[PDB]
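Undergrad: these chains are from a complex, not moved at all, and more is on the way:
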Amino acid sequence: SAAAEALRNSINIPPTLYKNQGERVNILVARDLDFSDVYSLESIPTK
Amino acid sequence: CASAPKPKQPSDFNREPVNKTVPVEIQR
Amino acid sequence: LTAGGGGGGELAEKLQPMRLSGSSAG
């Protein structure tokens, strides 16, 4: 059958996702992030 | 038939100045 | 000129830890 042939040859077309710009997302931190080499803390003298 | 939706277009009714006061980074 | 017991096979396989190694800022 021609119709069954066309379906068999074009039925598996994976979908496409569209996400607009400017939308809010998260990042779930997967590992411990160590910031000990690039910052240090100091007290600000009063006045 | 169906296409990807567009992001929200802002209205054009409530147009007003951004700068109510002069920014301090202008040193003013 | 020049010189010269182990069983629980499915449950215990599902409980294998996933250990992701941390990162250091640069």
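TA: Yes, it's here. Residues are numbered from 1 along each chain as shown, chains lettered A, B, ... in the order given.
Undergrad: For chain B, what is the nearest residue in chain C?
TA: residue C:25 (28.6 Å; C-beta to the nearest C-beta). Every residue, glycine included, has its C-beta placed from N, CA and C.
Undergrad: Now do that residue against chain A, distance only.
TA: 5 Å (C-beta to the nearest C-beta, to the nearest Å).
Undergrad: List the contacts of that residue.
TA: A:33, A:34, A:35, A:36, A:37, A:38 (C-beta atoms under 8 Å, 6 or more residues apart in numbering or on different chains).
Undergrad: buried subset of the residues you listed?
TA: With neighbours counted using 16 or more other C-beta atoms under 10 Å in any protein chain shown, the contacts of residue C:25 contain no buried positions.
Undergrad: out of these, which are inside helices?
TA: Using DSSP state H, no member of the contacts of residue C:25 sits in helices.
Undergrad: export the residues you listed to TSV and tack on distance to residue A:12?
TA: Below are the contacts of residue C:25 laid out as TSV (distance: C-beta to C-beta, whole Å):
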residue	distance to residue A:12
A:33	41
A:34	46
A:35	47
A:36	51
A:37	50
A:38	49
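Undergrad: also put chain D on there:
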Amino acid sequence: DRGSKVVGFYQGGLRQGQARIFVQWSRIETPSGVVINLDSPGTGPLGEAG
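TA: Putting chain D together with the chains above:
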């Protein structure tokens, strides 16, 4: 003693025609800190398997 906590596990799920799941009880902790590994079958109230 009574109130001792027993910990078990199951796996594999049921096949068709089956209405009982095999449970193996692994360890029991007495309220006073005694621990014994008893890798024993779990049964019903009258001893039927699973």
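Undergrad: now that chain D has been added, could you go back to the contacts of residue C:25?
TA: A:33, A:34, A:35, A:36, A:37, A:38.
Undergrad: With residue A:22 instead?
TA: The contact partners of residue A:22, by C-beta under 8 Å, 6+ apart, come to residue B:7.
Undergrad: in chain A, which spans are strands?
TA: Residue ranges of the strands in chain A, as given by DSSP state E, are A:33-34.
Undergrad: and the gap between the residue of it found nearest chain C and chain B?
TA: Distance from chain C to each residue of chain A (C-beta to the nearest C-beta) is smallest for residue A:32, at 3.7 Å. To chain B, residue A:32 is 36 Å away according to C-beta to the nearest C-beta.
Undergrad: excluding its backbone neighbours, what's nearest that residue?
TA: residue C:22 (3.7 Å; C-beta to C-beta, 6 or more residues apart in numbering or on different chains).
Undergrad: if we can go back for a sec, thinking the residue of chain A closest to chain C is in contact with residue C:23, fair?
TA: Yes. Under the criterion of C-beta atoms under 8 Å, residue A:32 makes contact with residue C:23 at 7.4 Å.
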